[PDB]
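To begin, one chain is listed below as structure tokens, in the form deposited in one PDB entry.
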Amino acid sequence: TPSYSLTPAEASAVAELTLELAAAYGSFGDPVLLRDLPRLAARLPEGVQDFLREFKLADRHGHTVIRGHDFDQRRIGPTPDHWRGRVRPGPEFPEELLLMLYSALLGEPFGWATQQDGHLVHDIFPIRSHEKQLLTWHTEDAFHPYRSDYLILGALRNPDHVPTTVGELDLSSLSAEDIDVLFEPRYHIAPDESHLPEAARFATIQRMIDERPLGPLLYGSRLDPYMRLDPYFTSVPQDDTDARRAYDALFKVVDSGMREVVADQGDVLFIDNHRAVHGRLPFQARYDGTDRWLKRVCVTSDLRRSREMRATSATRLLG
């Protein structure tokens, strides 16, 4: 797995640009910052731009990491209690912007209007409210036609080095018969809850919500397939014995290939949502303000493709 380790000079240039941008724009609520993202991202170290572009275009690895960023722990401040009601942007604005720049290099930043007040940058930290653990892994929103193309996870802090799980597909482990079955629309993938704590928009998912169209698991190249796998919310018709058999073999290959990848402080992990599944590992959280803290941006290659489910032309938020 290709990775990029920034020099102190690169790390300094990235930190500097990050602070200069945070001082010139109010928030992501600012329309012009969103406009300017790609032009602004062209001000990053050329080596960093080149690296990410090669990852995107190679379309070969499920994940990559840019390491050795300088995240000012004093400035960033203590890991907060909750995301809700919290004033945005916080002191860690610089780092959020960084992930936004990285997102514009990859595609476009987007979010879910219900998820975390619909903030384009998502918080990942322990919460006592939403607190024997089952080690699960998945494609992000595997059911959804407009699911992420890429995920960017920036580790602000990770004092106990709690890894992330990420796994890819090994084809040589599967027969040509199983693969062919997996390409066919013979599988149900259920949605997700995310409800409670606008009709023409809503009645769109209703094609999956009422009729429930069977979709494939593998698509793209047949020699190097993409995947959408969420074993927890996946269903197969009982009478489709071929499909169930091919689903078992696919699970067994992916499950056994899972790797632990640590996003330590200063790391930014890039997950290709079409080539890799990811997951959480359980950990003992302190709640004192020193807890592991990641930020997360969802990237779409094609914003306009989701227009039917977006409120207006301008909004990057779905639903």
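Between two forms, the rigid core is the largest collection of C-alphas that superpose within 1.5 Å. Note that residue numbering begins at 1 and tracks the sequence as displayed. Only residues modelled in both forms are compared.
In a third or more of the other entries compared, is residue 142 missing its coordinates? It is not, since residue 142 is included in all of the other entries that model both flanking stretches.
Counting only other entries where the flanking residues are modelled, do a third or more lack residue 195? It is, since residue 195 is left out of at least a third of the other entries that model both flanking stretches.
Indicate whether the chain is continuous between residue 213 and residue 214 or, if not, how many deposited residues are absent from the coordinates: none, 1 to 3, 4 to 9, or 10 or more. Gap size class: none, per the record.
So residue 239 and residue 240 are neighbours in the shown sequence, but is anything from the deposited sequence left out between them? Give the count as none, 1 to 3, 4 to 9, or 10 or more. Unmodelled stretch: none, continuous chain.
Using only the Cα atoms and their B-factors as the entry lists them, report which of 176 to 184 and 149 to 157 averages higher. Comparing 176 to 184 with 149 to 157, the higher average CA B-factor belongs to 176 to 184.
Per the record, averaged over C-alpha atoms, which has the higher B-factor: 121 to 129 or 99 to 107? The stretch with the larger average C-alpha B-factor is 121 to 129.
Deposited CA B-factor, highest of 208, 246, 166, 229: Of the options given, 208 has the highest CA B-factor in the PDB entry.
Residue 80 - Cα temperature factor, lowest/middle/highest third of chain: Highest third of the chain for residue 80's C-alpha B-factor.
Lowest, middle or highest third of the chain for the C-alpha temperature factor of residue 265? Its C-alpha B-factor, which the entry lists for residue 265, ranks in the middle third among residues of this chain.
Within this chain's modelled residues, let me know which third the CA B factor of residue 60 belongs to: lowest, middle or highest. Middle third by C-alpha B-factor.
If you rank every modelled residue in this chain by C-alpha B factor, which third holds residue 285: lowest, middle or highest? Tercile = highest for this residue's CA B-factor.
Lowest, middle or highest third: which one holds residue 218 when the chain's residues are ordered by CA B-factor from the entry? According to the entry, residue 218 has a C-alpha B-factor in the chain's lowest third.
The same protein also exists as the form deposited in another entry; that form is not shown, yet it is the one meant from here on.
After fitting the rigid core, tell me which of 208, 162, 120, 249 has its Cα displaced by at least 2 Å between this form and the one not shown. Comparing both forms, the shifted residue turns out to be 208.
With a change of at least 3 Å, which way does the C-alpha separation between residue 147 and residue 210 go in that other deposited form: closer or farther? Note: Cα gap between residue 147 and residue 210 shrinks in that other deposited form.
By 3 Å or more, the Cα spacing of residue 211 and residue 148 differs in that other deposited form; is it closer or farther than in this view? Here the pair is farther apart than in that other deposited form; there, closer.
Can you list the runs, three or more residues long, in which each C-alpha shifts by 2 Å or more between this form and the one not shown once everything is superposed on the core? Flagged stretch (3+ res, CA at least 2 Å): just 198 to 212.
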